[PDB]
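Starting off, we have a lone chain in the form solved without the ligand, written out as structure tokens.
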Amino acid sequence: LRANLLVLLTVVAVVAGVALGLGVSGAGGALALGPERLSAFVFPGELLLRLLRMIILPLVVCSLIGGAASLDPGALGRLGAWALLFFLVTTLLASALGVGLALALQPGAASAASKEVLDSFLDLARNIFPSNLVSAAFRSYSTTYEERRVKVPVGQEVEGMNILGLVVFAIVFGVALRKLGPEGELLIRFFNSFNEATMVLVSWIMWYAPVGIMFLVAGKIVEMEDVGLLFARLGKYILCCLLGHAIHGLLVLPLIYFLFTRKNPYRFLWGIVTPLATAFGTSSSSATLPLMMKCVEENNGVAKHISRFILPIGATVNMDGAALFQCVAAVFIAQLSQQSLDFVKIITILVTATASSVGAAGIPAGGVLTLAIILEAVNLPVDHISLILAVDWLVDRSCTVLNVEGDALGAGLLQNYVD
């Protein structure tokens, strides 16, 4: 049966990728391979990432326009308000859990070894309302400084898709098309057709997902080295992050889903195994978004409009795992510096992590850079980020899995709420 066949292929691909990476590293690794052969070996994962990122723009734009244009403005507003409330509550719970685990386990007991806040939030506001749509299709506004010796911000458009601005524009355009009446109907049809066509492409790219995922992990454990030393250095911190992610994903979110929707939450999770493993392989929520929409619509009973309206918004707003990681890292650095944490400091770490989780730049370091602003919100040293960079390759993937899982569970919860 194909639904189980794809899951079996994905699991086999992940296991074989880990085994192949360990074998290649044990046979000589990158030194035996060389940089040319290393890039050639990694290439299929890069190809999968390119295929996933190619169809992000038409999928998101058409899906959001169709979803907004298919609901009454009051109903759409209420649905969006409920979705935002769910996202905020889940992010707060994730941050609180991360802080609690970091304080309980004390990963900083071993002691064996940028952009401003206001500019970051102004950049977020600028990215919400893009200056140019075609430019927003592949560029985002970022603030840089010039020493005019007082530094002043300048800002320019740097590479990287502006998903948030496209999402906002698509929602507003769908609302306008709904308001038009008959005149807009044709356009709605057009966009709907376009979206369906993109879905067909996904149904093919999905079948290449396992073969890529294997390589996408194998090279990732071949490029790295000194696994034992890094684990001996940061075992407590890695355990804190991974345990927080596991508790939030396997206990808290399914508990909320069961409380609000009496159905089995793990049966729901079984239907999105492939997008979750794709998120782990790629470490990007936007790239695994199309597969998650496909699985949520097909494997689960979520309605088309609800899924295509909630999942694109959550893919940019809901970042539970990132908030958990940032809170854990901030607390860990606080214990490293022998500096006690105040209750006000806990409140502000929670609030800052939740606020800065929204609208991630999307680059692999985007979370890490975020922590810097966080560590500039409350006075803590920012050099220690170096050791955090030693293992970010795995923590980021663990974060991405949780980011997309929260989206899927929220879509299911809202679908039940409408029912």
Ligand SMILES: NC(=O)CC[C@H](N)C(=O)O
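Each residue number is its position in the shown sequence, starting from 1. Under this definition, the rigid core comprises the largest set of C-alpha atoms superposing within 1.5 Å between the forms. Only residues modelled in both forms are compared.
Beyond what is shown, the protein has a form deposited with the ligand bound; the following relates to that form.
- A single residue from the set 29, 44, 362, 58 has any heavy atom within 4.5 angstroms of the ligand in the entry with it bound; that residue is 362.
- When you look in the entry with it bound, the only residue of 140, 274, 284, 120 with a non-hydrogen atom within 4.5 Å of the ligand is 284.
- Heavy atoms of residue 94 never reach within 4.5 Å of the ligand in the entry with it bound, leaving it off the interface.
- Residue 408 falls outside the set of residues with a heavy atom inside 4.5 Å of the ligand in the entry with it bound.
- The ligand is not shown here, but in the entry with it bound it comes within 4.5 Å of a heavy atom of residue 403.
- For residue 66, no non-hydrogen atom is located within 4.5 Å of the ligand in the entry with it bound, even though that partner is not displayed.
- Of the candidate stretches 100-108, 318-326, 231-239, 132-140, only 318-326 contains residues with a heavy atom within 4.5 Å of the ligand in the entry with it bound.
- Of the candidates 61, 361, 373, 68, the Cα that moves 2 angstroms or more after core superposition between this form and the one not shown belongs to 361 alone.
- Residues present in both forms were compared between this form and the one not shown after fitting on the core; consecutive runs of three or more with every C-alpha moved by 2 angstroms or more are 1-3, 361-366.
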